[PDB]
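Colleague: My questions will all concern the structure given below.
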Amino acid sequence: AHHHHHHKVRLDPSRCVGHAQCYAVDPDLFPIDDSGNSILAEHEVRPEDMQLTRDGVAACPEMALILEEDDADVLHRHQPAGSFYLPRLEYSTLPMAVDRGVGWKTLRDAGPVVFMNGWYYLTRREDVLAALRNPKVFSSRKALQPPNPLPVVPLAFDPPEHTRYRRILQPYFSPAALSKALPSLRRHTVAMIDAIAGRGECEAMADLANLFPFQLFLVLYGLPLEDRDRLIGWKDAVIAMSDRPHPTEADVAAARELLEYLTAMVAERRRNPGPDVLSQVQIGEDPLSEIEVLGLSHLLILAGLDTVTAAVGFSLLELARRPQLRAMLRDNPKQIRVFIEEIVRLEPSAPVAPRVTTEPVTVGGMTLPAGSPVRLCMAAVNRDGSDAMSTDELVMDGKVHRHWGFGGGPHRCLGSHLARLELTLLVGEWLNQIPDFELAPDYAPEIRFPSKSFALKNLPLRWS
Ligand code: HEM
Ligand code: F3S
Ligand code: NI
Ligand code: NI
Ligand code: NI
Ligand code: NI
Ligand code: NI
Ligand code: NI
């Protein structure tokens, strides 16, 4: 018994991509810099800190924190294809509409690699996590730019270009940076909840979730608040047309009007820079060009808003069904954060990441030729059952869980800190003013499937 070995924890710097989940477990044990990346220095773990240290190590989706036995001494020194049968499924008949767990289980069980409708889906954690970390082989640039001259900054870039974009942009998107915005975001969120509360009922998607992200976006980036509904309209049309081989005249015009609006905004920020993000990325040691900030602005609008909308809906749905959970969470920011992580783990708004391979690669004993289109199944991995943080159930055990709902590897969601901030604000201020509410009768929650959204079609709520 009494040979109790002590432990040390260290950071593998090549694995950290700044998820900052470790910091959420304990900010003093797991410090981060102004870009949201761990600055933990290797050290002996105090016996009283062992459980929180294990929790932080368990929270990192890149496995970048390593706990090892502190056992160095004078003797023990520490040095400083086989598969030819391709499974095929039809995407559109996966059982997704009612229960994502049943849907991803159907896909997972067909095999490590499943061909559906032109794409190779990688369904298994080993392959997905490895592929996310291997941008040389699994390229984002080859997959994620429409043949559109406006660069999709930073989504459609590989290292080293991608690395520069992340170095430049992460200081503006970190927990430290966004904390300065929180009084503003909280004030606007309180106002939105107050508009809802006095009604006694809503259809939460159309009435709140569809509006809340763009409202806060305008506040964050200093855009005119009266432009919200025009901008939502443009966003909705440009999202809808991305799937269309032959966009309508209304589609083309919507895209043109959004481009013209953002072009004028970006040019004005370059002429008269203020203490805002879109101004400041355009000056300093390594400036972004106007076209780069324009591409970034389009990406934030088209990818950072409907994702939060969808997560709002799932958050309110689950609270509506669970009265005792509502009561625990109210005025409980630490457990609200636990809850929001479970919602993103179980109902990630972008459940797969597309890539194109640059060289042959063997996955599941199967070799995929160079140039293969590949979808990495984050959502399925989040539910693969391989540990207690990976079930199909909502798990409220007081701990921050690792998951891949915000992606992983270098493209890990740039807005992940913001998404968590907005979702925890919403849940907290909803429960503050609307502690008890229920689903309207005869409601069955479903997503629209197959489609470009994994969000609830609607969410009818009622209260007194
Ligand atoms: C719950 C809400 C959100 C979820 C589930 C989500 C999910 C994701 C995922 C999985 C990726 C990686 C895609 C890939 O590897 O190809 C990603 C990338 C990205 N997301 Fe988020 N997102 C959310 C909210 C936001 C917000 C609020 C913003 C900013 C306003 C945003 C901006 C971005 C950007 C700029 C990237 C590209 C990062 C890069 O390629 O380096 N997202 N998102
Ligand atoms: S910030 Fe922390 S959660 Fe992981 S990716 Fe870096 S050690
Ligand atoms: Ni002993
Ligand atoms: Ni002894
Ligand atoms: Ni001792
Ligand atoms: Ni040990
Ligand atoms: Ni050792
Ligand atoms: Ni030993």
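Start at 1 and count along the chain as shown; that gives each residue its number.
For this deposited structure, the header notes the method as X-ray crystallography, 1.6 Å.
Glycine too: its Cβ is placed from the backbone N, Cα and C atoms.
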Colleague: According to Swiss-Prot, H162, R166, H411, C413 bind heme b; which one of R100, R108, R228, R355 is listed for that same site?
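Modeller: According to Swiss-Prot, the candidate sharing the heme b site with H162, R166, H411, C413 is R355.
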Colleague: Do you know which of the binding-site residues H162, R166, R355, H411 has the most other C-beta atoms within 10 angstroms of its C-beta?
Modeller: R355
Colleague: Quick test of the contact rule: Cβ under 8 Å, at least six residues beyond the ends. What residues does that give for the expression tag (1-7)?
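Modeller: Answer is 44-45, 47, 50, 53, 67-71.
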Colleague: Sort out the sequence-distant neighbours of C413 (heme b binding site) for me: same chain, 6+ apart, CB within less than 8 Å of its CB, listed by position.
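Modeller: When sequence neighbours closer than 6 are ignored, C413 (heme b binding site) has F406, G407, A419 within Cβ distance under 8 Å.
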Colleague: Quick check: in three-state DSSP terms, what is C413 (heme b binding site)?
Modeller: coil
Colleague: So 18 residues are not built between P80 and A81. What's the Cα distance between them in Å?
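Modeller: End-to-end across the missing region, Cα to Cα: 36 Å.
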